[PDB]
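The residues making up each chain are set out below.
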Amino acid sequence: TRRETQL
Amino acid sequence: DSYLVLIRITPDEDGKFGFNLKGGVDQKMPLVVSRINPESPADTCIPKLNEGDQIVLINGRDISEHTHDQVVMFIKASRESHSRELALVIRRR
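Residues numbered from 1 in each chain as written, not as in the entry; some residues may be left out. Chains lettered and ligands numbered in written order. Heavy atoms only, no water.

Before going further, it helps to spend a moment on the pairing of strand β6 (residues 86-92) of chain B. All names here are of chain B. Counting buried positions along β6 gives 6 out of 7 residues, so the element sits mostly inside the fold. Pairing of strand β1 (residues 3-9) with β6 involves 7 bridges; the strand directions are antiparallel. Bridging from a neighbouring strand, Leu6 pairs with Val89 of β6. As paired strands, strand β4 (residues 54-58) and β6 are joined by 4 bridges and run antiparallel to one another. The residue bridging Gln54 from the neighbouring strand is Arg91, located in β6. (Buried < 20%, exposed > 50% of the residue type's maximum accessible area, 1.4 Å probe, protein only. Helix = DSSP H or I, 4+ residues; strand = E, 2+ residues; numbered from the N terminus. Pairing = 2+ DSSP bridges.)

Turning our eyes to something else, we now look at the nonpolar core. Residues and elements named next belong to chain B. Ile9, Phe19, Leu49, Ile55, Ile58, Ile75 and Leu88 are the most contacted members of the largest nonpolar core, which totals 23 residues. A per-element tally of this core places helix α2 (residues 68-77) first, with 4 residues. Not counting the four nearest positions on each side in its chain, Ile55 is found in contact with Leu21, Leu31, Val33, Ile63, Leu88, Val89 and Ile90. (Core = buried A, V, L, I, M, F, W, Y, C linked by side-chain atoms within 4.5 Å. Contact = heavy atoms within 4.5 Å.)

Okay, unusual backbone geometry next. Residue and element names in this part refer to chain B. Residue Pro47 is reached from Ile46 by a cis peptide bond, and omega for that bond is 0 degrees. Note that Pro47 resides in the loop between α1 (41-44) and β4. We note that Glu39 has phi near 70 degrees; this positive angle belongs to a residue other than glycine. With respect to the helices and strands, the residue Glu39 is situated in the loop between β3 (29-36) and α1. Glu39 sits in the exposed class, given a relative accessible area of 62%. At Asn59, a residue that is not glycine, the phi angle is positive and equals roughly 50 degrees. Within the element layout of this structure, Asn59 appears in the loop between β4 and β5 (61-62). Given a relative accessible area of 40%, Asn59 falls into the partly exposed group.

This is the structure in structure tokens:
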């Protein structure tokens, strides 16, 4: 669903 | 109330900065740091990045109308750039 992105 | 901080981060050996992003125009939420990875470049520079920081500018680019994936590509591109450095302007409560 809702986005969480590691960078 | 709130204030602006300019955080300069250079990436580590894996090309990572050490934070997590949520938000974007395609999500119905502002662009905010949802995690600081401890001891990472984001955590150790001075000033440093905090969880809950609202991203305002990325290398001077206004991002309030970009998608999550666009903001991610902008951050990844600062790596192989002029100074290898990522400049973030964030709003902090």
